[PDB]
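Colleague: So I pulled this structure from the PDB, and the sequence comes with it:
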Amino acid sequence: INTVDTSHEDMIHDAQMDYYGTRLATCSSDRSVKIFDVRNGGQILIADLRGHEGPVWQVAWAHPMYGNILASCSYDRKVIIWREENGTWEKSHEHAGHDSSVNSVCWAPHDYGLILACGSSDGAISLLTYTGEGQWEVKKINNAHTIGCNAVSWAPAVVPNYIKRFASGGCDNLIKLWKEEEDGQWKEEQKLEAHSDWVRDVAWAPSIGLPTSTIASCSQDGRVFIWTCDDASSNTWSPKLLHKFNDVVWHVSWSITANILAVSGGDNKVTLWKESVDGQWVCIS
Amino acid sequence: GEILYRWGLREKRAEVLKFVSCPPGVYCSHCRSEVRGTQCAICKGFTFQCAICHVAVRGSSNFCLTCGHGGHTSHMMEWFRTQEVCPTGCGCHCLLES
Amino acid sequence: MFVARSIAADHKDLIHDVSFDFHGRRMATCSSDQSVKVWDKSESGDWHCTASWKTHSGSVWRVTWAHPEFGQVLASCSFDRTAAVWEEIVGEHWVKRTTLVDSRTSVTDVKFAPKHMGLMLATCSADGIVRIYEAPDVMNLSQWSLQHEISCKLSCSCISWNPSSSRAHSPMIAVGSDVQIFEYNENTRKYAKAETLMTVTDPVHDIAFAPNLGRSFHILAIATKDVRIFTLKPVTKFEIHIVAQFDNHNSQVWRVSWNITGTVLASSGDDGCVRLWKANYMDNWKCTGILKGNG
Ligand SMILES: [Zn+2]
Ligand SMILES: [Zn+2]
Ligand SMILES: [Zn+2]
Ligand SMILES: [Zn+2]
């Protein structure tokens, strides 16, 4: 059980490793993004990143497809990408085309390309599609949500030349699905209106081939819903329920084959759920 | 295959992905033109001549993008092992520019 | 000064002709039971056969190999009035690409062409029908086209090519009699009847030119009851001569073959004796070793 002795200033805010499991990333309020290498166990410092306009919330490592890339979504108008080229960590690009403070950064499936979504707390969205010269293509939409929209997640690349989809939510006690049309502008579709107080985590679930596409939700109502769909043609997003824990629920993460839905919240602990044959979700640890 | 890549064992990735059912310039020495392939079209001759054994090659072949002198992969191991000079005497520091 | 040795090659029946490759790796024995045996040479020095098949109807007479620059190509001529090209494709099989039947008699000899003139094959028939065939396409070996032909006016037995690779030279072919020289002119684009040495009324078994190596006079060897080595000095009109008459074979000489350096000539006779002839300090020719057929 390897441990990384924290050395930042303020309380840590996030952690996300690399694809092969070789590096780290530590967003914080100390503005430090100090990356640690964990090869064979131990602490180094390949980068002691600095420079933002506010505390950083969420980082998101991109695919090795396109080289070492890290993203930051500080309480700012900063979306900085840090390319770490020529064997040295360094800044590469920033974009301030959003008035409010972003709270989500979720990379797209690698089959499409290199697309980033980062929705701020204004009710807008953005796609930073890479072009092939060294410039982005940032497009947006004027409105998506009433007051929040702080969580965004992507949908597995399936089907036959691709029909892109992704999920958002966090403002109107709601969650919406955006399927972009053949023109290029994000249309809209149904919105899953079955939540109570204030949602925070809006993640999705990896696909394997089974037509049962699922999606979770963690909120301030204390409830967690594991939606389900028999197919994509019936759209019967039937809300089930797993628990009604007392405190606030913060984050939900899936496993590589969706046999775990680990939940962390205000109780300052980690719970490791898993569903049985009867369909009821039970704890393990 | 995606999981196998993620683990760090990557020959097995190609081995597994081999089973899927659904699908997935060099100058000529005679007419002095750009040839697309191991075989020419005008003279119908060999376009790539090995710069070590002076024999025609059609398989795996390294090269320099700058100086433009290439040969068999094993030959480009055997020469480039120690001495860093083009065996055709063009002065290229091929290992520095390739 | 030659030390004999024996090679562990298993051959059931008799063998007619053996020809080496360019590098010294892979003979092409083909004789007896109408078969072609393309052996090889391992790293340890041992020889292991790695090919076999059945040739045309007539007995296989000669087998010749081709340059490494145009793939692995063979060329055999049998008594069935057919010349076989046996190019290897993809692996350890051999597949045909052409077969010429333009000779009304049995094919007597098949010799390739020098690398500098392209990919040419010359075939000699028993009645004196000698034709030169060119294959300009190199990516395809299934195509052929005749270039030119000459009138032997006799019974051809063996032909030889001039290996000279200089720009200021004219290719030629000399045909045995059982004894002339041609000259492929430039403007006319045809073979000719320039000159012919008249010193041997005996039957001729096999002629063989000597490599150039940059000297200013070519050497020709004629196989007869007496081993003959001659010289030609260009001044076109030549300066034909004769500088050797060694006849210690005590039989009929079988074949004459030349070394890479154009210095040592090997001759074999009908008395089962293989003798090598080398030069001396005063530019004289003397024997330098005799080996028995048994060993
Ligand atoms: Zn060409
Ligand atoms: Zn080579
Ligand atoms: Zn070079
Ligand atoms: Zn080079």
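Modeller: Ah, there it is. Numbering: from 1, shown residues only, chains lettered A, B, ... in the order given. Ligands and ions are numbered 1, 2, ... in the order given.
Colleague: Helices of the stretch 151-285 of chain A, residue ranges please.
Modeller: For the stretch 151-285 of chain A, applying DSSP state H, counting those that start in this stretch gives no helices.
Colleague: In it, what residue lies closest to chain B?
Modeller: Chain B sits closest to residue A:256 of the stretch 151-285 of chain A, with a gap of 6.3 Å, by Cβ to the nearest Cβ. For the C-beta atoms, the positions are set from N, CA and C on the backbone; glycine is no exception.
Colleague: That residue is in contact with residue B:3, isn't it?
Modeller: Yes - the pair residue A:256 and residue B:3 qualifies as a contact (Cβ atoms under 8 Å) at a distance of 6.3 Å.
Colleague: beta partners of the most centrally placed residue in chain C?
Modeller: What sits nearest the mean C-alpha location of chain C, by Cα atoms, centre = their mean, is residue C:111, with 5.4 Å. Per DSSP bridges, the residues bridged to residue C:111 are residue C:122.
Colleague: Residue 197: what's its closest spatial neighbour, skipping adjacent residues?
Modeller: No chain was given, so I picked chain A. Closest residue to residue A:197 apart from its sequence neighbours, by Cβ to Cβ, 6 or more residues apart in numbering or on different chains: residue A:221 at 3.6 Å.
Colleague: should've been chain C
Modeller: residue C:240 (4.8 Å).
Colleague: In this model residue C:195 seems to touch the one you found, though I could be wrong.
Modeller: Yes - using Cβ under 8 Å, residue C:240 makes contact with residue C:195 at a distance of 6.6 Å.
Colleague: what's near enough to touch the residue nearest in space to the middle of chain B?
Modeller: Centroid-nearest residue in chain B, with Cα atoms, centre = their mean: residue B:61, separated by 2.4 Å. Residues counted as contacts of residue B:61 (Cβ atoms under 8 Å, 6 or more residues apart in numbering or on different chains) are B:48, B:50, B:70-73.
Colleague: contacting residues around the residue of the stretch 151-285 of chain A closest to chain B?
Modeller: A:206, B:3, B:6.
Colleague: got JSON lines for the residues you listed, with neighbour count too?
Modeller: Converted to JSON lines, the contacts of residue A:256 look like this (neighbours: other Cβ atoms under 10 Å in any protein chain shown):
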{"residue": "A:206", "neighbour count": "13"}
{"residue": "B:3", "neighbour count": "11"}
{"residue": "B:6", "neighbour count": "15"}
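Colleague: Including distance to ligand 3, could these go into CSV?
Modeller: Output for the contacts of residue A:256, formatted as CSV (distance: Cβ to the ion, whole Å):
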residue, distance to ligand 3
A:206, 49
B:3, 43
B:6, 40
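Colleague: ok, these vs residue C:63, which is closest?
Modeller: Proximity of those to residue C:63, judged by Cβ to Cβ, is greatest for residue B:3, which lies at 56.6 Å.
Colleague: Run through the residues that contact the closest one.
Modeller: Residue B:3 touches residue A:256, counting by Cβ under 8 Å, 6+ apart.
Colleague: now the helices for chain B?
Modeller: Under the criterion DSSP state H, helices of chain B are mapped to B:2-7, B:11-17, B:73-78, B:94-97.
Colleague: which one of the ones you listed lies closest to ligand 1?
Modeller: helix B:73-78 (22.7 Å; Cβ to the ion).
Colleague: need the contact list for the residue nearest to residue C:178 when sequence neighbours are not counted.
Modeller: Excluding the flanking residues, the one nearest residue C:178 by Cβ to Cβ, 6+ apart is residue C:157, at 3.6 Å. Neighbour list for residue C:157: C:108-109, C:175-178, C:203-206 [criterion: Cβ under 8 Å, 6+ apart].
Colleague: Emit the PyMOL select command for whichever of those are buried.
Modeller: Buried members of these, defined by 16 or more other Cβ atoms under 10 Å in any protein chain shown, are picked up in PyMOL with:
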select buried, chain C and resi 108+109+175+176+177+178+204+205+206
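Colleague: of the contacts of residue C:157, closest to chain A?
Modeller: For the contacts of residue C:157, the nearest to chain A is residue C:109 (63.5 Å; Cβ to the nearest Cβ).
Colleague: Quick check: the gap between that closest one and residue C:183.
Modeller: 20 Å (Cβ to Cβ, to the nearest Å).
Colleague: sorry, back to before: for the residue nearest to the centre of chain B, list each beta-bridge partner.
Modeller: residue B:72.
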